[PDB]
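Following this are structure 1 and structure 2, which are two forms of one protein chain, each written alone as structure tokens.
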Structure 1
């Protein structure tokens, strides 16, 4: 059964810690508790794991952002939902942030284009909601604000190690990052 899930979770942890190039498929097997030849029943190579991890996360973030905006009762609730969604992602998946930043170039060209397309469309969901909320907002300003918020929230791999896996650390980090994000978007809004 979900030996497939155990291999993906090990690949995610090891790619984040050591980087894609330094990690061997059998290291992923080892960490998952899958014997060397058993690994190749699930994945042919390292590249196939990286493709699944990054094509996966980028498509799911885009789908999640669309779901948030679809289910939102008004535009203010849509922006609040997008902030809460990205916050949960940054605190819960710091490993996938680190990998998608540092190892995008190791994807096959087709997978790289898929990931960059899903990233661009995720940004467009935020830009669309920001401009609808602030009819004065230029495209270029909305893009600057959205990228600034992703930069703020996606800092979690630098700030959050094994240490802050305590639930009290997670909720404190979440509250501080949410307050920073909401204040940053308010200041941008009153400056344009």
Structure 2
């Protein structure tokens, strides 16, 4: 199915730009070629597109984070790897980031709990690394630091709608956001 992939990619782009509710199934159909309710030959309803997109990305993030900590010999290398991983993600899959923290509530209850579980576990991987690096760090403080870092890195979605970010933009942004993130986590640590 290259129509199945074409619909999901159209849905991803349109949900990011316009939001879930304001996107008309016919618009997704149209953008993929064929449309109105051709969609139902691939999917059983709107919601199922959103579910595939968000269950997919939330599972990928958790698996990728675990892979990073698995391969890392030491906790400093693990943190560096998690930053790199999430930075690649934030720069590369901005649309799925924007959908995940704008449209989570529009999931069927079952799917919503599955995505919240994968997200909670992704935060816990970061919290686990930060607390092992600083045994004096309270759970609550580690969580706050983690969310703050995701916010810092996910600030290209908020400064990038459909802009350049090919040449010096990609490499420059990566350098600056990594430096900001590394310094942020060091200062949090020396206050706490």
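Rigid core here is just the name for the largest C-alpha set that superposes within 1.5 Å across the two forms. Positions refer to the first chain, counted from 1.
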{"property": "Selected structure - criterion: the form solved without the DNA", "result": "1"}
{"property": "Single mover in 62, 129, 68, 34, with Cα shift of 2 Å or more between structure 1 and structure 2 when the core is superposed", "result": "34"}
{"property": "Per-residue C-alpha change between structure 1 and structure 2, residue 164, threshold 2 Å, rigid core fit", "result": "yes"}
{"property": "Per-residue C-alpha deviation between structure 1 and structure 2 [residue 82; rigid core superposition; Å]", "result": "0.2"}
{"property": "Residue 186 CA shift between structure 1 and structure 2 in angstrom, with the core used for superposition", "result": "1.1"}
